[PDB]
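This text opens with one protein chain seen in two forms, each one given by itself as structure tokens under the names structure 1 and structure 2.
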Structure 1
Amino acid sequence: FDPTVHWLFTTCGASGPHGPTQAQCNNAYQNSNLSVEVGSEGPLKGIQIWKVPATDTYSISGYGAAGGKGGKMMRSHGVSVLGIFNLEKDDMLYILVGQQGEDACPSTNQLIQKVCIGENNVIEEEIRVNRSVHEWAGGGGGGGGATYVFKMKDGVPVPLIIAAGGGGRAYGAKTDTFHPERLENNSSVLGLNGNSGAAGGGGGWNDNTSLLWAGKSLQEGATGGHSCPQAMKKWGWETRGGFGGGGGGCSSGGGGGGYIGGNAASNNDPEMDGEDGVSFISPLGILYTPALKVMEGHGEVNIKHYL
């Protein structure tokens, strides 16, 4: 007679810059007590819509996704945030589970794969002569998507919890930089995308995204960024950001998704990782944890309430 009722939301087996379909989630959640509606078009595509079963107090935990690895270190992991919220029966919650940023290696392109296995030194040769990489661009990991849980109020999205994604590692990342994690709780702070340079910044909560390599913001559908033009033209080395706003890689790493997306570097410096995104807890809820790093590649959401 355990009174705990628990729902675990996953990516439904989806990966990469785009979220799951209704069919994928039905298969993933078959025979469980979890049923979602997955939008098919517009900015709600791949977002899982869940009907609150009873007026009660719920705990809502989110884990963002990890960033991708570079062509040469530990990936930057997503973070988790948990909050307590009072919901009313028949309320609709909107859940976006972040997906991992793409890794640079391995590759089905034989030339790129020789870079990956350490037999092709063309990038190291270019680096010996330049501050950035300009010709042989690529090899930075994509940013991870953030995980978002939100509701509608009078037709307006209201964020409840956002757990940021990790930034992608640069091609030639060799040390960790130990930048502190940020957690926001003031809805008057602008929830915008991070800086894009050669790699894409992470997507925020509500922005206008125009660049192909930038991660899109949540209210635009949170698609992961493409890679920089030169990586594509030279050898097709594309390292996309993850669904949930991850920025695409160049030789530098893409930014992670969040309430505010992580910044990417201004130039294509092969030692510059993307920054992790910024997490968020609504003042409507009670914060129960700081934003803590979590091991797994893709994100997840855990919801619970007690009979």
Structure 2
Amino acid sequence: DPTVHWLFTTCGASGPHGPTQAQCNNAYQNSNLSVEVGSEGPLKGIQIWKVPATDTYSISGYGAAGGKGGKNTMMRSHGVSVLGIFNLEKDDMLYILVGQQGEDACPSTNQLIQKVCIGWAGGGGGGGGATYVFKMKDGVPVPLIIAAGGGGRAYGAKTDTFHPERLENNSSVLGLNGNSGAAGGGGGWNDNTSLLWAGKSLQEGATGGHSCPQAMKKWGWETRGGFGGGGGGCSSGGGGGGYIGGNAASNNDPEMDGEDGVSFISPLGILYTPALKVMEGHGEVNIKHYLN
């Protein structure tokens, strides 16, 4: 049956932590998709799929957008899409982590912050998670498609301007975290996070950053990064997750957006079209049979 489509989502989850087995069992009930979802350790929020047949498949990864800054009118930094074609062998296990949006600073359910949103530290949006599609070979994870998330918007961001998409296809380059300042940089592919507000690398579990203690100790405006890798927010915006996490400003500059992450496509696979910011919310993965 080559007409089959498997659609991977957040299974209903949002924020810096990913979903449970019971959420995905609910979201995927009465479909062709069945998955195993880790409960603990670095694989906790990650969905495990079994490839049904040896064949060529389309795999399109979409990462998550970063949050809004200090004004309801701002546009978000949309997550990056990465479309590839891959040959897979029956019974391969694919591990899938669907990125979750960075926390918005606006709108707010607090009517005292909502005043600000409609017209000091803490207005910047959170970083937002990348989407990861990888596989195990010899016990070490191997990446196939990583669709970076979008950096968070600064509290006082004035222009809806964003930088061109970055795509790597070279494992020898290290997939490190982005720089953190007052705001958390984005989680990369393999690193050692130690700050509370920086996004975690995938192999650490990819939990999204806490917001900055400068914000949370005094004013209480919370903007966390998203599953997986989303950097925490301050006045500055947080960096988005990727193979390499997007950078956050070195100071708490309120005009400085977090950078998007760097995406990744295995060179053994075939890229279909350049990477492109399209996603306005959470991420997504789509898998179909390919006609050749």
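Only residues modelled in both forms are compared. Rigid core: the largest C-alpha set superposing within 1.5 Å between the two forms. Here, residue number means position along structure 1's sequence, counting from 1.
- For the listed set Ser80, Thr209, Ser107, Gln219, the sole C-alpha moving 2 Å or more between structures 1 and 2 on a rigid core superposition is that of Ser107.
- Core-superposed comparison between structures 1 and 2: the CA of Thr177 exceeds or equals a 2 Å shift.
- Core superposition places the Cα of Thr239 0.5 Å apart between structures 1 and 2.
- Under a 2 Å criterion for C-alpha shift, the consecutive stretches of 3+ residues that differ between structures 1 and 2 after core superposition lie at 2 to 4, 105 to 118, 176 to 178.
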